[PDB]
Structures are given as structure tokens and as C-alpha cells.
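This document contains two forms of one protein chain, each encoded as C-alpha cells and listed individually as structure 1 and structure 2.
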Structure 1
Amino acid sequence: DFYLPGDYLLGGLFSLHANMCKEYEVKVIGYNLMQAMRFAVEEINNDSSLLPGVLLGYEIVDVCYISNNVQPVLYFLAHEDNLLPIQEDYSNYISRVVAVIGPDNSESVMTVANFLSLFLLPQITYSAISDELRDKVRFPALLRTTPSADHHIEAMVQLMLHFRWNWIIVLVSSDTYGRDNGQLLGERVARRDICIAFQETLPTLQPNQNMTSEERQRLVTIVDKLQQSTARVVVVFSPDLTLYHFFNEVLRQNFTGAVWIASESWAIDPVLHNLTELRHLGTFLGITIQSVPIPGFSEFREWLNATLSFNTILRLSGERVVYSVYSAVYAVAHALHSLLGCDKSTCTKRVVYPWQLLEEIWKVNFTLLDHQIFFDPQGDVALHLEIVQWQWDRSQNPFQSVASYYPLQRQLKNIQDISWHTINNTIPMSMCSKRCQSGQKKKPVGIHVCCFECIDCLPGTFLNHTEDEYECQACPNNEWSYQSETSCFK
């Protein structure tokens, strides 16, 4: 199942086991993604209008998260008999593969790109988001079929604008993911009149281990700081396999009431979703990728032990990332079809150096399941995002849609109803300072602009809101006014 001969071959790097490579707990996400790739290949073969005569094959290999990164690339780049020449011009090097469907994690993506750049071998990734991957000088041969992180942050900020929230807490993990995302969100917020109360770093731990007293003290202090501030909206940038202990600690105390705005990492996860006691902490919102049904996929998939265990979950979810692999395969197929010059029923066959496919790939345009597939100049395809709420009744899905996001417009649209946790389905409130009365001025307090105090003006003065709101003007002439008057009564 990990090989099929053909005239032209494709590479694949998925994380089947991630927790030698045959020594860790299985990961079903890798399996259904690989199934998506294989299904796409067979479908292209069946059709008789995309590529007549030219068969297509694949060559898949595991990566074990960030464990195995050098051998697969050296394997893909080798004429045959496992020997790779070293020279000063690879313009006539006919490699084994013609393109790579890059790995899942960002660090592995960068490591593989730093190798494949020399040969300009096209590489498409399907789940790695980081603005550093848009620098087409360091990475001249990398493309992506999912939006970057600035769009996730934009969705967060616009959600916080729609409902009036300008007092929030941010928590981050101790790695590049959390650091970069937190810095980006801070930069974005600084320009939109929203505040940050404080920020804290979650100690890095793993499930199935024992912690020291120091880490437990750190978690206790963090939660104690959480349960003293007036902000009631927490944004968490961190990966799963670290939040179990944190949420257990929060459950141990009685911190009730908050909107937990998640991120892509743990927005859709079952293992942390099954902690039944979580339901009474507050609303849980996340940002994910909109799901596109793929006609006739469960037939190819169902027809291994872990897949059956969560087959119900893989039915409710799992369709959120397969469209990326599907689209990448089809993009490579169309680029090849354009390059070879084939027609409705005639093909030519020819030598295809890898650096030539890249030029055609850059300029593809076609429609797949009512979504256009064209690449922007930085190597991205604009796919809609989504915002999901965690529903605990098991009848319907456990991730229900609440809004849609449009990357080529930067706007949240079609916002539906959300079941809050307040008394009578009222909107939760998070603000630093309450609004002033009529006629009173503002007395600033602290360092955040959005925090202030109210003060009443004395007779002989009037407050012109159209002018300085921090100090009322002295009623001139013979006009007179008294306490709390924006108009004088000469």
C-alpha cells in the first residue's frame, strides 16, 4: 500500500506513528491523510480527461514527527541503485520523484526545504502555518494549501470586536509556536484599542509522567493569578499533550466563568474533549479549517485497530484537512498536464526536470468541488476558516459551526447563535472600566488606555465631548453652568 509503479512518481511524508519508527502509539490522522493521497491518485488515473496515457504512482514514507528527516530526502534524490552525484549544476539530474507532499510539522518542513532548495524540487505542505515560511528567498521551492497564522489572529481579533471585549488574558507554551503566536497577537491588538491584562508561560510537561513540586507550584500560582483579575477571556496558544494537568488544576479550585478562545492546535481534539467535568467552566471557542465533503471517500477508506476505535469520531471530524492533500495532488497533476502539452485525447511523453514543474505549478487555475485553486505570489491558496463551539450532547457533532471567515476580504460573516453560560443567555461581559455618566470627564489610571476613572466637573466649566474628554473647558463670557453640565445657562 506504500508503493505503486507508474510513469511519474510522487513523494509523501506523513506521521503515522508519533508519541526506529515502529515504537510509539499509533496516530490515525496520518493514516486517513495517506488514504486521501492514495484516493486522489487512483481517481486521477480513472479519469480520461486530465492525463491520458500518463500513469501516476506514489512512494510514501514515515517521518515519526521530528525524528526522521534526512534519510527520506536522500532517498527521494537518487538516480537509482542509491547513489547521488555531487556537482555544480543539477539542471540535468532526473531524480526518482518529481515532487514532495511535505511533512506536517513546521520544523520538519523547514529542514526538508533547506535540502530540496538546491535542486528546486517542488514541495507542498498541508498543515504548517508560520509567517516565516513566506520568505521566498530562503525557501524558493515551497508552496502551501492552507492560510497562514495572521489570518487566525485576525479571526480572533474580529471575534473580540463583534462582542465588546477589551480586557483579556493570554497564555502561551514555552516553544516557538507559543512565542511567535503571542507576539503576533500582541502586535495586532496594539492597533485595535484592545488591552492585555497580563501574560504567562505554561510549564512544559507531558501526559503519563510525574512532575516536581516546582512545576505544581508554578501552575498553582498561574491559576491564582487568573482568579484575581477582572478579565474573563483567556486565549491559549499551546499544543495538546500539555493542557491536561493545567485543566485538572483549574478544576481543583472553583474558577468558573470564562470564554476560552483556543487555537488550531487543540481546537479539534477528542482526548481533552472527553474530560466530562469540563462542561461547567465556560464557553469554548476555537478556530479551524472549514470542512469540504469528498464524494465517495468512506467507500475507499472503510473497505487499522485505532481507526475502528474512533470511526465514529473520524466520521464526525477528520474531514478538515483531507481537502488539503486532495488539492495538492490535483495541483501537481494539472501542472504536469499543462507542461506536457497533452490534449483531450493525445499525449506526448518527454523528459521532465523537477525545476520545470515549479514554473507551471505557480500559475495553475481550476475548480475542485466548487473552490478555486490558485496560488498567491507567496505560495498560498485562500481557503475559508471557521469558528466552532464545543457542544457536549452526544447526539450531533461535538464541534458546531458558529461563523465563517473569508481570507480575501478579512471579515467575519454569517454569525449564528451561541449558547453562553450566563444566567439568561446574555452575552458575557469583559471590560476594564465602566462607561462614564453624562457630563463627567475621564481620569486616566495605570498604563493601559482602556482603563480609566470618571470625574465630575465643578461650576464654571463645561465638558465638550467633541473636544478633550480628559478635562472640561471653563464656561467663558457671561454663560454659567454647574455640576454635570455640558451646556451653560447665561
Structure 2
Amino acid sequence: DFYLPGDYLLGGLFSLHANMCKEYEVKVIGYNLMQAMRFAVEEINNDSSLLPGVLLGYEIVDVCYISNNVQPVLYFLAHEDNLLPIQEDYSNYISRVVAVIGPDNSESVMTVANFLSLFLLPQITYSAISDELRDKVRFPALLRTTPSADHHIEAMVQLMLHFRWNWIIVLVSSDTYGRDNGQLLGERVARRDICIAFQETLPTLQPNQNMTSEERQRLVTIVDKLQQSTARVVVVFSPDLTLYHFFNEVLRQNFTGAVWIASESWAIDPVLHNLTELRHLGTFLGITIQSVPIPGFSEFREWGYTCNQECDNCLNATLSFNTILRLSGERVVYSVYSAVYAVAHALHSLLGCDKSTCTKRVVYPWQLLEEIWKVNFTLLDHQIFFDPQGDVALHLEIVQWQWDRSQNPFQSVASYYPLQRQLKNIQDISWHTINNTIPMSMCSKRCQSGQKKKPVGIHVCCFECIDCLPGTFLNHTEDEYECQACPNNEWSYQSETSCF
């Protein structure tokens, strides 16, 4: 499933590996998303209404995560003879691929978008999250079909507001996905009264690596801080293949109580599950985009010219993990599904096929951009349309990690509405506590009446409760951080906010 001809082609920059592209470590999710695009265009062809004739033909080139990000684009927007003429005016250019679709990593997305801004050829990404992609002056041709980092951050922060976690820990990675996301979280929580305890950069390590010395000491220090700090909500921002090592010695350190709000990167990744003793670490939570599975995806999932554009062991690995992928109900596939359908509808209406026939008038990438920046259609009971900043509104979701092998390794706990910017349908979530109670994470218990909540330390979430002296009452009406004296005949005593 790596080539199909058509009157108008399209291209997919899927990430089949990580860590030729076969030399890198096989990644299942790349193959999953590719099969998603596959079903997209296959059904588009079957559905004669969407595009009679003028069939689309995918052209996939494995991007090798962040390694192969430039050559696939060069191959794209080049004539059949692998030759790309250069002109100051690109208006008149016949491009075989009309809109590349689905660079995965944010860095690869940015490289492709920079390479494409010359040609104004649409690029629709299914997983890019970086907030910088919202600025349509540097990336005019970077439509996107999944909510940005801002929305995941708001979802998590509103989750912690609902469960009353005003004292949280956040650990970031050493890449952009870590630093930028942790920054966004910090800036958000600054204005919603959630206070960051301490921030620690999780060292960049590989699953195949055998660790080093200084890095081992650094992670030991990190987990010691984790088990020290009273804050028991740890929000980890990191690619999937980075957590493994850190989680290992987190577990080994007998660090029991916690609530790991997982970033979108590893909120749906099934690699960390095989640790099979993560229950001891505590309730794992994550943020993702949940959608009904494509109705027929089972058929294509289970069915039996460019550099580094083929894989070797992806099919067998995908079928092996199919237990989890089907049970988990892959959902980020609908992002690429909707991207493909957006390109398909823009291309259809541009050719003006009125359910009767298609006029195969010459099309250019920039015309497709002009047409694709405005689409309103219902795809599997979902309205697909881009906001002016080129990001459709798909529902982010919260996933708790159920270890039971039976079914649903990811449980849809909270639904986040992008436009509404709110959190709803918080299904009763299991907890690691002794009575299923909500694990409290506060710097200090709220001060009682008659006690002043004098701030202590940096953050406004920490206070120690002085009982202001006799003749002084806790003027909770006006100020709480200070105790004042009740005037007139009223004369209070220790505590006793109600001054007599």
C-alpha cells in the first residue's frame, strides 16, 4: 500500500520508524495512520458522489520521524522525470502531487511547510501540535486537523481544576515538544491558580541505549525529588520512546502514589503498557483526540521511485499489536482521515463535479489551498472546517490507563470541546487510593475560619494558617491573607472570625 496512480495524486509523509528507513526502529503508529489515509482515499473512490473519475492516488514516503523530512518534498512538486524547474513565479506549475498530507512530527511538519511556502502547495498534518504552526504568515500552506498544544494544555488544566489539584509537578523533555508544551502549561496555570512545584527536564534517552553514568545519577535525582515533593500530580511532556527509561526507575524507586497526566504524545502509545507493573505507579491519565472508528477500517487493517519509501516488518508488527490497536480503537487515524477528506472535498468542488461528472480542468496547488481553506461537510457525524488559523476543531479527550488485557486499554474519561473551551462528561475514573477517593494534591490545607492564610514561599498556593491574635477577626469579607481588628464595641479573641 505505497503507490496508486490517478488523475490527481496526493502524498503522505508517514513515520513508519524511529530511533533506507528500515534501519530505524519500527513504529507501529506510522503504519496505522498510513492505513487510515488508505481507507480515506479508497472510500472516496468507492463513494462516486465525492469524486466520479479523477481518482486520487497516494504517494507515501516514510519520513523516518525527524530524519527524512526534506527529500520527500523535493520528490513531490517535481515532474515525473524527477526534475523540478525553478522560476520566480510558480503560479503556472503542474505538480503531480496536489497537496502533501500528513507529516507527523512538528519539526518535520515545519521543515515541509518551509519547503512548501514557495509553491503554496497545501500540507495537512494529522498530529502536529506545536502552537507556532497557527501563524499563517510563515506557513500559509499548513492547514491542520487536530487541536493545537494550547487546547491540550487547557484540557489538562481544566481537568486539574475539576479535581482540585492546585499543586502539580511538570516534567518536560529536551526537545521542542517538551520545552514549548511545558512553557504553555506553566503560563496557563499561572492564571488559573494552579502552581507548579518544580520542573525537571527528562534526559533524552533511547530504548536501545544502555544508559550512561551521569544520566543515571540525574534520573535518580529526579525520582528522589518526585518522592520528596508533596505534589502528587506529575505532568510529563515527552515523546513516547523517551519515557521508558525514566518510568523504569520511577517504578523501581517504589514511588507509589501519583497521577500522571500524560501528554498527547504518549497518552495513547501502547509501548509503555508492556511494563505490566505500572499500576504500582498510580492512575495514569492522558490527553488525546477520540473519534468513532472508521466503519470499515477492520477490513483494511486485517487484510493480507523514492528513497526510504518502503518498510520491511511493519505489517507483521501491526498485526501482532492489532489486539491493542483494535481494542484501543485507534483514534488519531480520524485526523488523517479528515485531512484526506478535506483535500478530497476541496479538489472535488474545485473541479465542480455536481454529482454528475468531473471536468478535469488544470489544477494548481495554490488554487487547492484557496479552496481548502473553507470546507463545511459532515464526515462520520463531525463538521470539518478550519478556523482562520488553519486548525479544525476536533474533540480532545482524556484517557485513563486500564491495564486489564480484556478490552479498552485506553478509557475515554473526559471530553473536551475545542470551541466551547470547556470540559464535560468526566466518567467516574478509577484511582490508586485506598477508597477510590480523588488523590488530593495541595501544598497546604485550606485555612480554617478565624485563621489568616499568610502566604509562604514563592507560589500563591502555599500558606500557613496563623490564628490572628485576640481582638482581631478574620475579615474574610475583604481580605484573607491578613487579619484585621474588628472595630466598635465588638472585640474578638483567638480565632472566632465572627467578632462579637
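Rigid core (definition): largest C-alpha set, two forms, superposition within 1.5 Å. Structure 1's sequence is the ruler for residue numbers, which start at 1.
- Of the residues 409, 183, 206, 348, exactly one exceeds or equals a 2 Å C-alpha shift between the two structures once the rigid core is aligned, and that residue is 348.
- With a cut-off of 2 Å and the rigid core superposed, residue 70 has a Cα displacement that reaches or exceeds the cut-off between the two structures.
- Relative to the superposed rigid core, the position of the CA of residue 458 differs between the two structures by 2 Å or more.
- Core-aligned CA deviation for residue 150 between the two structures: less than 2 Å.
- On rigid-core superposition between the two structures, the C-alpha of residue 291 is found to move 2.2 angstrom.
- Core superposition places the Cα of residue 372 0.7 Å apart between the two structures.
- With both forms fitted on their core, the C-alpha atom of residue 318 sits 5.3 Å from where it sits in the other form; this compares the forms between the two structures.
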